[PDB]
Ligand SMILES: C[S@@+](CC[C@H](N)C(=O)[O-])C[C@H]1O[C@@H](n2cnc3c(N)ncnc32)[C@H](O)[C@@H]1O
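A single chain comes next, written as structure tokens; it is the form solved without S-adenosylmethionine.
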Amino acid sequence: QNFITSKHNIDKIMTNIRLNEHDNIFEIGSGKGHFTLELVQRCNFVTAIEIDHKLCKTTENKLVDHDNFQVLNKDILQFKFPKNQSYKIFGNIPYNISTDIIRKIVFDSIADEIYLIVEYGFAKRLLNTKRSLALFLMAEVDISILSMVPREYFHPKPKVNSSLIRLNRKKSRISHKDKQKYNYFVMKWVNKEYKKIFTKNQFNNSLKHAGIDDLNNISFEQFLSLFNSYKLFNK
């Protein structure tokens, strides 16, 4: 399924993407040379990553008269992203893409932007409140559907589709300062344990101030309001 190769699609989806030849990026998955090639000439440098040795050789060649190399073959989860130079990230790892890779990628790198095709269903998984994962990512990165990946641009596996997503950061809050506090909150909130967050004197105006009715459908923004109220309550 490690497909999706065919320069015409790999040009049509790169279409809406904002990489250029000033960007150094990380190829989270390798695939089968397909993408690590379209980018090597599109961005400055590239550093792919896929563990099994075979694949790297595959890539290794599909990239000649092209020296923007680096096709390391280690466990991404274990990978140490740079914490100095600025860069982006791309990964055609739908099917193989977990949440642990999405975390490495988002909370453990200073990657400015993260583009990645993911099963469309995995998108909401990241796009819905009352789902910590989302409430956590949304505090720094901005998740958005950029494109879709209809037909079998890959091979089979439908039941569903893939879809291109962009994760772009903002300096934004949720100050490391109060970040253990934001996690509790996120934790307790999604766990419906509002009894640990604020008191009922609070669970109310808080909701009323965030202008929250469908409490079962928050808007992060509202969750934001909440955390803030919470943050400034003391009983």
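Start at 1 and count along the sequence shown; that's the residue number. Take the two forms, superpose them, and find the largest set of C-alpha atoms that agree within 1.5 Å; that set is the rigid core.
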Average Cα temperature factor in the PDB entry - higher stretch of 27-35, 40-48: 27-35
Residue range whose averaged C-alpha B-factor is higher in the record, 132-140 or 68-76: 68-76
Highest recorded Cα temperature factor - choice among 205, 199, 58, 168: 205
Candidate set 98, 86, 163, 109 [ranked by C-alpha B-factor, highest]: 163
Chain third (lowest, middle, highest) by recorded CA B-factor, residue given as residue 156: highest
Third of chain Cα B-factors occupied by residue 94: middle
Residue 149 - Cα temperature factor, lowest/middle/highest third of chain: highest
Residue 9 CA temperature factor, ranked by third within the chain: highest
Assigned third (lowest, middle, highest) for the C-alpha B factor of residue 186: lowest
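A second form of this protein, the form deposited with S-adenosylmethionine bound, is not displayed here; the remarks below concern that form.
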Ligand-site call, S-adenosylmethionine overlaid in the deposited complex, backbone or C-beta contacts under 2.4 Å, 3+ atoms: blocked
Interface membership of residue 38, S-adenosylmethionine in the deposited complex, 4.5 Å heavy atom rule: no
4.5 Å heavy atom contact, residue 2 and S-adenosylmethionine in the deposited complex: yes
Interface membership of residue 92, S-adenosylmethionine in the deposited complex, 4.5 Å heavy atom rule: yes
Exercise: residue 83 in contact with S-adenosylmethionine in the deposited complex, heavy atom 4.5 Å: no
S-adenosylmethionine in the deposited complex: contacting segment from 102-110, 124-132, 73-81, 158-166, heavy atom within 4.5 Å: 73-81
Heavy atom within 4.5 Å of S-adenosylmethionine in the deposited complex - residue from 55, 197, 43, 186: 55
In the deposited complex, residues of 39-65 near S-adenosylmethionine [heavy atom within 4.5 Å]: 49, 50, 51, 52, 55
From 97, 139, 89, 165, residue displaced between this form and the one not shown - CA threshold 2 Å or more, rigid core: 97
Cα displacement of residue 155 between this form and the one not shown reaching 2 Å, rigid core superposed: yes
Cα-Cα trend for residue 21 and residue 97, given that in the deposited complex the distance shifts by 3 Å or more: farther
Relative Cα spacing, residue 59 and residue 156, in the deposited complex - shift of 3 Å or more: closer
